[PDB]
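Number of protein chains: 2
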Amino acid sequence: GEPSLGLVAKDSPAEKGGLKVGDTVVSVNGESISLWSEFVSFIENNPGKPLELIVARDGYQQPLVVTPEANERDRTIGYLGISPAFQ
Amino acid sequence: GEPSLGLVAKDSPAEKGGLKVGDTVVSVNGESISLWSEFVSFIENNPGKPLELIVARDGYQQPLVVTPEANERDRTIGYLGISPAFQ
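These protein sequence lines are chains A and B, in that order.
For what it's worth, our numbering labels the leading residue of the first sequence as -6, then goes sequentially.
For what it's worth, our numbering labels the leading residue of the second sequence as -6, then goes sequentially.
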């Protein structure tokens, strides 16, 4: 639902780019997003390409760059190493 | 996508009711489900009431009961403590 992160995998693109549990993704490449599925779409469809994020963390919005890597099960789609917030 | 548990939060209603990573939820309250979002609908809309699950684990189905608790960020919605696998 909401574009807020649960757990971040160790040594993942998400960890390397500075994402943390609890971050809310505000925008990707300047495009505002409101749905987790939109964030997932940007990840899966852009393997190897940097994504410029604005995230809300601890009451402030800050920029990050994260680059999806080739998913080990299907190298044609991107993987960041993130799970959505627990529901 | 699939109602298959990638992550189960520690000390959550999900853990306390016996759910484990890798379980697939087959039905809730006798109603078959096929989508993660359907399980989320049952959880979010039934805070504080038991849900009767059938779960598939290692090829066998078994009954479990879980009781969603009031969500942290929003105490009007139920929370179980589940997330899909990393993406």
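Built from N, CA and C at the ideal position, the CB exists for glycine as well.
The beta carbon of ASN22 of chain A sits closer than 8 Å to the beta carbons of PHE35, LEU44, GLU45 from its chain, once the five residues preceding and following it are set aside; these are given in chain order. Residue burial annotation: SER27 of chain A is exposed, with fewer than 16 other C-beta atoms found within 10 angstroms of its C-beta.
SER5 of chain A carries a coil assignment under DSSP once its states are collapsed to helix, strand and coil. In the DSSP annotation of this structure, the continuous segment of the beta strand (DSSP E) that includes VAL21 of chain A starts and ends at 17 to 21. With respect to the C-alpha of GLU37 of chain B, the residue from B:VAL1, B:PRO77, B:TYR72 having the closest C-alpha is B:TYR72. Contact between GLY(-1) of chain B and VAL14 of chain B holds, since their C-beta atoms are separated by about 7 Å, short of 8 Å.
At a C-beta separation below 8 Å, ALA2 of chain A has these neighbours in chain B: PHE79. If the five residues before and after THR60 of chain A are omitted, its C-beta is found closer than 6 Å to the C-beta atoms of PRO6, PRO43, all from its own chain and listed in chain order.
Contact between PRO(-4) of chain B and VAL18 of chain B holds: CB atoms are separated by about 4 Å, below the 8 Å threshold. DSSP places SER76 of chain A outside any alpha helix (DSSP H); the residue lies instead in the beta strand (DSSP E), whose first and last residues are 75 to 77.
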